[PDB]
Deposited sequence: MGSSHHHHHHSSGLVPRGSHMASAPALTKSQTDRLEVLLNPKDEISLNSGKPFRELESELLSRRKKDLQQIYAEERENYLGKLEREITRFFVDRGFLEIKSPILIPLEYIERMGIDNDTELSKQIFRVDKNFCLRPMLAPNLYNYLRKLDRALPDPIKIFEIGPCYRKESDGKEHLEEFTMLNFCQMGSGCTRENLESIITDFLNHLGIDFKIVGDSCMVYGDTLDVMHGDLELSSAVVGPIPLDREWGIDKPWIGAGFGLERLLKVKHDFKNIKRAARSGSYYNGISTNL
């Protein structure tokens, strides 16, 4: 009669945010399975684009159109970059590779490097952004160990908290994601969606800048793409938005 907790989990896996007691487990499952196969069939026949890849392309067009240079830097970076970011023995939340490298847990390091180098060639202000894989050993989850970050930044003139909030606002209203900016330069703003942190943004300059050869004011923000997708598609668990073999655009692939 009553579904076991295990059966309920199984059905939840097959449940979509938009689906709407009695009937036995096998029938409820057979029903959801047919719906999910049809969903996949519709995607394969029409769209064919992956949510994460498509979001990245949409975000890229948004920043490129607003004057930001598109950066693609290494994912495997020197461990020294992590120390240089002020993270000495969070240090174990780092995925290490070999003796001197690791999987970037964030984008700041390579972006700092580009800001410094580009300043010798580009007119002020320097505007850049990167979208790509970042890695952090996790606990909760909202928390993926493998995720995708969008980090944009501007250095030089126009680097005010007001301009930063304006970019964030246009960006999220563009994506159709509800949010609230919270704070109270050297400032740190938290872009929230309910209790979920969408982004921790900062208005420089900050003491860390010196360690990277940066001496100008700057503004920047980092957003996790899977979180945006989770909020956007009303996914209950963020793993439905992650690179995975278990879900395709939020649809279970275990059919």
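Unmodelled regions (deposited sequence positions with no C-alpha coordinates, counted from 1) are 1-24, 45-48, 118-120, 173, 217-220.
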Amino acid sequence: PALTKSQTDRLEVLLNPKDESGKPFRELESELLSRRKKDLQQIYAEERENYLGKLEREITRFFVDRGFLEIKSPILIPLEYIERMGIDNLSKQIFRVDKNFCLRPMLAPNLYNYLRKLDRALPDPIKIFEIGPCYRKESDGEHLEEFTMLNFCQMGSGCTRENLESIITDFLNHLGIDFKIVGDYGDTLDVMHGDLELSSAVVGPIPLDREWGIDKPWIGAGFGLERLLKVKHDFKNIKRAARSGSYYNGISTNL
From here on, numbers count along this sequence of modelled residues.
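Annotation for 79-87 versus 145-153: the higher mean temperature factor (C-alpha) is found in 79-87. Relative to one another, 69-77 and 91-99 have unequal mean CA B-factors, and 91-99 is the one with the higher figure.
Considering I181, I177, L111, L122 together, the PDB entry gives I181 the largest C-alpha B factor. The PDB entry assigns the greatest CA B-factor among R210, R36, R61, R227 to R210.
When the modelled residues of the chain are ordered by C-alpha B-factor, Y135 sits in the middle third. When the CA B factors of the chain's modelled residues are split into thirds, the value for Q42 lands in the middle one. Residue-level temperature factors show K216 in the middle third of its chain, judged at the C-alpha atom. Ranked within its chain, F235 lands in the middle third, by CA B factor from the PDB record. Per the PDB record, residue ranking by Cα B-factor puts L14 in the lowest third of the chain.
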